[PDB]
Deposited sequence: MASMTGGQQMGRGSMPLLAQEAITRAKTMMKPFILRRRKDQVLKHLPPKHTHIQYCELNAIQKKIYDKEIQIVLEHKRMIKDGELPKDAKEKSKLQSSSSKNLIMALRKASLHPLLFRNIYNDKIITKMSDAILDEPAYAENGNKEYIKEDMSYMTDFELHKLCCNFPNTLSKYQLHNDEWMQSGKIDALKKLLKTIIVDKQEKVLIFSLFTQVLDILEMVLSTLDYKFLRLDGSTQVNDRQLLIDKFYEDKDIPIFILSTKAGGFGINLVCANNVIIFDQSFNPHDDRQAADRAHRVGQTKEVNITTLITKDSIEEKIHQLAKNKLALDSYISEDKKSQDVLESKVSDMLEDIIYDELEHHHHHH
């Protein structure tokens, strides 16, 4: 088995991401001061936000902001969904009845990219609200990915596996790869077990498909992808065993080339803390057929808080 090599590629928060990240860090501050002194936000909207805020979902929001703005609702602002909600009723599944404060409440909890896909599934009423300015390209991790993919695919003429812990990220990447004119296949935990083979075979047979995008949990499916010798970890796991398992879809018996593995890490972000503190372990439910636990989330929130103030 030829050697594997792991690398870190640092990314920056673009302007849109910086704004989103800073908002979350502000909530972290307001939450952390409540947690230890009882101080509440004098602004009404900010105070009520804390009732549903925990270390778990704040750490989750910071992780998503390190990945992609379209994991959040900002383009489809309150004024925007109000018009889409009034608008969607004219669709047949909804013409008989859609309560308006019901569809709009549903929309208020969706992300910009989910709302984009909603407009792409009900065009006759919402197509005018679709994203059509390459907003899925606007992320520091996509900037980094586009550079790395050009090296692998154009300069090296090789294939690559891309892993993410977030199916929402995989959805966004599908539009990114289409914009970049790279053919791809996809296999995640929702893929029917029988349907896996057709996808894999296609990957092996078609030299013009450079990219396979997968959930990191597919690292555990015992699939063999040695026709690729590059692996991109779009977002790392807090358990390094998972990212090693993912990389070993390529780095395994039958592989004839050295395998190069690159983990994308946003600088000045929680991803740096996760890289430092990740701990290698085996699972207890291994005998059975990404939210971090409370203690871990508490520790990450504390570190972020201490390094600010």
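Counting from residue 1 of the deposited sequence, the stretches lacking C-alpha coordinates in this chain are 1-45, 335-340, 361-366.
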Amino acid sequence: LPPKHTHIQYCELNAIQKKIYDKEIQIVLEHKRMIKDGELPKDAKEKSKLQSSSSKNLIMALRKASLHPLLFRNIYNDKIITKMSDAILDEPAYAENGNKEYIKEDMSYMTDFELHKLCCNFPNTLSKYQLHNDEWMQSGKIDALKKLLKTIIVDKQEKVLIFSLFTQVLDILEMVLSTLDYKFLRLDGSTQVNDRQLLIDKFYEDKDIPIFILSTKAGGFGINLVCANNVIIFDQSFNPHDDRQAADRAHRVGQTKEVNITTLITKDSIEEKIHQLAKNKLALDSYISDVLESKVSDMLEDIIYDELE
From here on, numbers count along this sequence of modelled residues.
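Checked against the record, the higher mean CA B factor of 44-52 and 23-31 lies with 44-52.
For the two regions 119-127 and 139-147, the entry's Cα B-factors average higher over 119-127. Residue-level inspection of the entry shows that, of 156, 79, 183, 186, 79 has the top Cα B-factor. Per the deposited coordinates, the residue with the largest Cα temperature factor out of 171, 134, 96, 205 is 96.
Annotation for residue 210: CA B-factor lies in the lowest third of the chain's modelled residues. In this PDB entry, residue 273 carries a Cα temperature factor that places it within the middle third of its chain's modelled residues. Ranked within its chain, residue 244 lands in the middle third, by CA B factor from the PDB record.
Residue 252: CA B factor in the middle third of modelled residues in this chain (values from the PDB entry). When the modelled residues of the chain are ordered by their C-alpha B factor, residue 89 lands in the highest third.
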